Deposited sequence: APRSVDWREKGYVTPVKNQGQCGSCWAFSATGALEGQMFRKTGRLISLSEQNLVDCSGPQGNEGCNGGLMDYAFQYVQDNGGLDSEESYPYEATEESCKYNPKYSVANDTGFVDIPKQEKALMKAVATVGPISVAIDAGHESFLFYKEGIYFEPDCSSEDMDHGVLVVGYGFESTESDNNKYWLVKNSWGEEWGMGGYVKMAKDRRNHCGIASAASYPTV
């Protein structure tokens, strides 16, 4: 695997979005990964509807603004046979009745792959697949008010993950102990962190659980 990967450099990643006051992180992490795989497949980068997932993927186990899972979202897209564009079904930060329209479907997937729960397995996936949906422990004020640099929270849990985000690459901080990081796309707007991104400690014992719930859709 390469020592450094950053899929934003190759056009795989839409601009940072903002979930607002809705527990819909799972939907944004899911659209992020599917946007990456659809771009690899077609060469077209098209923003996808988190609202479609919020309103319609209840049968697969998601709960709208009361949470969900990226794998459930990938299953909905497979079950449903498509997912609408962001443009045609824009984000509302509240759940309403399902309004999926196949006429505006711009994506599909055939399932998903759950990655083994090891950071080096996550590294290979990021290097060979593209952006990867992951779960992290985001429940600390150090993370809420994160500004820049490599985030490391000694109290972070590797099993109490609560926030779905997107790993778009990894790297190392030039000038050899605790220098590696994951490049993570968050869904809290472009003002949060580093243009919406956070560098999360890598190879420091699965910090904040980043490798415990990693997955991507198959297209």
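Peer 1: Which parts of the deposited chain sequence are absent from the coordinates, listed in sequence order?
Peer 2: Counting from residue 1, the one stretch without coordinates is 176.
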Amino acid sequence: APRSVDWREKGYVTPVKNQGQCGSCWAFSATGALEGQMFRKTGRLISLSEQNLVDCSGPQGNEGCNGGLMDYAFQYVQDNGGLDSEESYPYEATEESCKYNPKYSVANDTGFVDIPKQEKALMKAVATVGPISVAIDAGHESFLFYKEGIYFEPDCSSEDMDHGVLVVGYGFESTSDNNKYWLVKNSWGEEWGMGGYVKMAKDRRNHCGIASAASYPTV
From here on, numbers count along this sequence of modelled residues.
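Peer 1: Quick one: is residue 42 left out in at least a third of the other entries we compared?
Peer 2: Residue 42: modelled in all of the comparison entries.
Peer 1: Using a one-third cut-off over the other compared PDB entries, is residue 187 one of the residues left without coordinates?
Peer 2: Residue 187: modelled in all of the comparison entries.
Peer 1: Out of 73 to 81 and 118 to 126, which one has CA B-factors that are higher on average in the deposited record?
Peer 2: Looking at the recorded C-alpha B-factors, 118 to 126 comes out higher on average.
Peer 1: Between 177 to 185 and 161 to 169, name whichever shows the higher mean Cα B factor according to the PDB entry.
Peer 2: Mean C-alpha B-factor is greater for 177 to 185.
Peer 1: By the entry's C-alpha temperature factors, tell me which of 208, 198, 13, 25 sits highest.
Peer 2: That would be 208.
Peer 1: Where does residue 59 sit by CA temperature factor within its chain: lowest, middle or highest third?
Peer 2: For residue 59, whose C-alpha B-factor we compare with every modelled residue in the chain, the answer is the middle third.
Peer 1: For residue 154, does the deposited CA B-factor place it in the lowest, middle or highest third of the chain?
Peer 2: Highest third - that is where residue 154 ends up once the chain's C-alpha B-factors are sorted.
Peer 1: Is the Cα B-factor recorded for residue 132 in the lowest, middle or highest third of its chain?
Peer 2: It falls in the bottom third of the chain.
Peer 1: When the deposited Cα B-factors of this chain's modelled residues are ordered and cut into thirds, is residue 93 in the lowest, the middle or the highest one?
Peer 2: Its C-alpha B-factor belongs to the middle third of this chain's values.
Peer 1: Determine, from the deposited record, the chain-internal third of the Cα B-factor for residue 66: lowest, middle or highest.
Peer 2: Its C-alpha B-factor, which the entry lists for residue 66, ranks in the highest third among residues of this chain.
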